[PDB]
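First, one chain by itself in structure tokens, the form deposited in one PDB entry.
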């Protein structure tokens, strides 16, 4: 039967089809991964007959390429699957103990490759942290129910104190991408930035809701919990200027206006409440 399952697998073309599509999503063409290939891979993540770790292996493999174009596109494809694919994909990445290792990545083929290597390294760290965040709390901050009956707003004190700093780590990694509007000049980096922006808006909301919950609980916590809360407030306050810059860039490059306005509004409201306590 194990022998049967193996022989069956040696006659299956599923894995090979998946790998070929990963290659098509990550060609040397300087454009975002094509929608048709991303869609096919999304459907793959819905298929129980698809080997998810093998699909992930193919994406990691493409990140060993020397070309920034191939590497960046593999990161983008991975991100796209984490966001739009079956949740078992990000769940699987969260379960791995080795993720992307692109901290030394440097393509020297020309100025474009050189400039893009910096963003590849930052983006890779963000995707690693996105997986790690899921691993640490066992859910995706950008997917959970929001509002007063939502996850972040209803979380109990002890969990809340452990959870907000994880949101803060994922946020920091996202904010470290740090691209200027005049650097968004090719389809590859633009595709990555669109996904980052989508994550960011949802992440900012989760962060704000965590802060709101803390503010509501503040007068009812133990003393050591208050200390941790204060540490959370202080870190919230110090990232405001970096968050403001992020939203500014997103607007320069063009709900967009609205979703950003609500982030500015709730964040401003939170700042005011925090400063009023101090």
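Throughout, rigid core stands for the largest set of C-alpha atoms superposing within 1.5 Å between the two forms. Numbering follows the first chain given and starts at 1.
The protein also exists as the form deposited in another entry; that form is not presented, and the subsequent description refers to it.
Superposition on the rigid core between this form and the one not shown places the CA atom of residue 30 less than 2 Å from its counterpart. Core-superposed comparison between this form and the one not shown: CA of residue 17 displaced by less than 2 Å. Shown in the overlay between this form and the one not shown, fitted on the rigid core, is a CA shift at residue 235 smaller than 2 Å. Closer approach of the C-alpha atoms of residue 11 and residue 58, by 3 angstroms or more, is seen in that other deposited form than in the present form. Panel note: the distance between the CA atoms of residue 6 and residue 51 is larger in that other deposited form than in this form, the difference being 3 Å or more.
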